[PDB]
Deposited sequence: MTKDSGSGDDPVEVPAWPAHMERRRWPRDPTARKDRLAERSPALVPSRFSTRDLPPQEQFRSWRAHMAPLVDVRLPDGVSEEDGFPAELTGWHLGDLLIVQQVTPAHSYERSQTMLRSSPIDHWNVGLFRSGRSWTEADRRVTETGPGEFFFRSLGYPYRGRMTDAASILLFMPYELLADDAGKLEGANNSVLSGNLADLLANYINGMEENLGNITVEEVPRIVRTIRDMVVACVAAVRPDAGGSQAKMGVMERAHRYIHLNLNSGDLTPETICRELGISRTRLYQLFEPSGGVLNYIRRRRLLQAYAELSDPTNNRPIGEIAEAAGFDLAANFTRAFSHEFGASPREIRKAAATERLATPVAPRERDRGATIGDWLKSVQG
């Protein structure tokens, strides 16, 4: 169940690192730092079903996920990230948030953000839109926040116990692991409220529209397109990674009925 990315065997390593991370974030070195110096970085990816765990070790850099990137990007995962060491500072919707050791950031990948991190080691959860779509109201209002407290210590403890046991887990367990991580996450986001510009990317808006109007039997591709302000071809593009918009709605509806050179973009497909 293994995939790995590092740049210790090359020598112009930042350029490679930037390529691998491009679908998610545009990255740049800190002012002053030459590409000569090198850029020792590691990503390590585990698929617990749909939910992706990534162990990241990285030097100081800056990052942007922009509006332009969001117009075309099929990525809208809920991102939760814990720092073992290091510190990030992240701007989104004109507000800066600082995440330090033993704390989590929470962010949707459908909203843009700018930031910087020091050198750091983190463990990152990427959860597909639908995992947490039920509590999406609170999650939109809490975008780019820090999780600290016992409630974050709890989540950290669970993730640490899991990390140690990665590569011994077994599938039977996974669906329950995914469920307590969902519950723990959504519980953490019960956090002090800010007060909203909200320039959401197409895919997050599409996945939400679908979630809200799933039982509307007139949920065609035409209505979605109209109600995003977008063409039929753009909808097809966003959904070509996951078999198409009709294929997706059928899989979603199937589940509603139930119980009644590589990059990180490739890791975020989960097919």
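Counting from 1 along the deposited sequence, give me every gap where there's no C-alpha, start to finish.
According to the record, the gaps fall at 1 to 46, 242 to 244, 310 to 369, 381 to 382.
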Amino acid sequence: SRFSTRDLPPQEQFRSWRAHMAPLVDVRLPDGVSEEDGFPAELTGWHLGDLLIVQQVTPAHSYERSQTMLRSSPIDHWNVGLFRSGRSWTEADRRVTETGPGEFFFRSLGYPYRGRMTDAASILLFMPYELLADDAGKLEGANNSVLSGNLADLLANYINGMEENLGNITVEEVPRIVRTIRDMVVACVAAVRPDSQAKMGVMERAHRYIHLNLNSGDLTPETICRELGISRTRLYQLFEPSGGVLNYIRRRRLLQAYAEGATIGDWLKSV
From here on, numbers count along this sequence of modelled residues.
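If you average the CA temperature factors over each stretch, which comes out higher, 131 to 139 or 100 to 108?
Of 100 to 108 and 131 to 139, the stretch with the higher C-alpha B-factor average is 131 to 139.
Going by the average Cα B-factor in the PDB entry, point out whether 214 to 222 or 198 to 206 comes out higher.
Comparing 214 to 222 with 198 to 206, the higher average CA B-factor belongs to 214 to 222.
Checking the entry, which one of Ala121, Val171, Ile75, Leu151 has the top C-alpha B factor?
Going by the entry's C-alpha B-factors, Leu151 comes out highest.
Would you mind checking which of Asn165, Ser85, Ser88, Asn144 has the top Cα temperature factor in the PDB entry?
Of the candidates given, the C-alpha B-factor peaks at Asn165.
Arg18: which third of its chain by C-alpha temperature factor?
It falls in the bottom third of the chain.
Comparing against every modelled residue in the chain, figure out the third that the C-alpha B-factor of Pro59 lands in (lowest, middle or highest).
Its C-alpha B-factor belongs to the lowest third of this chain's values.
If you rank every modelled residue in this chain by C-alpha B factor, which third holds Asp26: lowest, middle or highest?
It belongs to the lowest third of the chain when residues are ordered by C-alpha B-factor.
Taking the C-alpha B-factors as the PDB entry records them, is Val271 in the lowest, middle or highest third of its chain?
It falls in the top third of the chain.
Split into thirds by Cα B-factor across the chain's modelled residues, where does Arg116 land: lowest, middle or highest?
Ranked within chain, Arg116 CA B lands in the lowest tercile.
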